[PDB]
């Protein structure tokens, strides 16, 4: 909706001038959208800019006041003639790197030899977050990189690979909300169910989120590290009780013999018994270590070869 002006080439830069003033920021001119930055230099290619449409960075000229405003920034792609690529689905484009972004018309810069598929939201900005394609989920980075006083927005919108946390984000991470972990394979596909990664097992279920703590899967109980998620095996002291997990990871219930030593894991909960207890009417005694007392005396009580209290 910006008319009455004209594009002007000067000092190896391109401007749009009307009534003798330079256009700045976002402008819709003759069916196309352009962006002129803070001083009027038309941009081209990959750009990380404040979102258009509010009016605070729109239809402005360098002779007008520029309001202070807090607008999130997103990635946008402009043609070599400066027109905004109004894609709302996806498109194959030169990968964005530390050398082909933030450039303006007139500048010299290489055209990425590598091209990637980029997804877009309904407002022409590069899409971030989860996307479902051809039977699989992929995660497009919501955040860029940091590093003690430093922020690189380049990763935003790129296909995530490997271990990835899904933070709730707008302009900054939202620490109040949960941030589950996921694992994307070499091609970015989200893994589900059991998966062996770096030598350890993890359970991602059907949603993809990495489970932590006790987890019931296909009839058996498993215990994933409460913080890191890796599946535990063997004897585990959890919540002040002992549990025995098979090498497969499944929790054991009932009688279990380790070498010559018998142990009794509670029928339902699975916690190890100590002291006197009875199974199917018969009484047995387990020491504090959980080991069953056999062929000996326990406080004036005889227990035979099977640990049974012999009357």
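Numbering follows the first chain given and starts at 1. So that the term is clear: the rigid core is the largest set of C-alpha atoms that superpose within 1.5 Å between two forms.
J.: Just give me the stretch that moves more in 6 other deposited structures of this protein: 104-112 or 119-127, judged by RMS C-alpha distance after a core fit.
T.: Once the core is superposed, the stretch further away in 6 other deposited structures of this protein is 104-112.
J.: When the core is superposed, where do the C-alphas shift more in 6 other deposited structures of this protein: in 276-284 or in 44-52?
T.: Larger mean C-alpha displacement, comparing 276-284 and 44-52 in 6 other deposited structures of this protein, is found in 276-284.
J.: Determine, among the other compared PDB entries that model residues flanking residue 175, whether at least a third leave it unmodelled.
T.: Yes, a third or more of the compared structures omit it.
J.: Look up the CA B-factors in the entry and say which stretch, 62-70 or 48-56, has the higher mean.
T.: In the deposited entry, the stretch with the higher C-alpha B-factor mean is 62-70.
J.: Looking at the entry, does 90-98 or 157-165 show the higher mean C-alpha B-factor?
T.: Taking the mean C-alpha B-factor of 90-98 and of 157-165, the larger value falls to 90-98.
J.: Taking the Cα B-factors listed in the entry, which of 192, 117, 145, 123 comes out highest?
T.: The listed residue with the largest C-alpha B-factor is 145.
J.: Just to confirm, going by the entry's C-alpha B-factors, which of 152, 198, 209, 80 comes out highest?
T.: Result of the comparison over 152, 198, 209, 80: 152.
J.: Place residue 280 in the lowest, middle or highest third of its chain's C-alpha B-factors, as listed in the PDB entry.
T.: Highest third.
J.: Looking at the C-alpha B-factor of residue 222, is it in the lowest, middle or highest third of its chain?
T.: For residue 222, the deposited C-alpha B-factor lands in the lowest third.
J.: Please place residue 23 in the lowest, middle or highest third of its chain according to the CA B-factor in the PDB entry.
T.: Answer is middle: the recorded C-alpha B-factor places it there.
J.: Please place residue 294 in the lowest, middle or highest third of its chain by C-alpha B factor as given in the entry.
T.: Answer is middle: the recorded C-alpha B-factor places it there.
J.: Ranking the modelled residues of this chain by C-alpha B-factor as given in the entry, is residue 106 in the lowest, middle or highest third?
T.: Within its chain, residue 106 is a highest-third residue by C-alpha B-factor, going by the deposited values.
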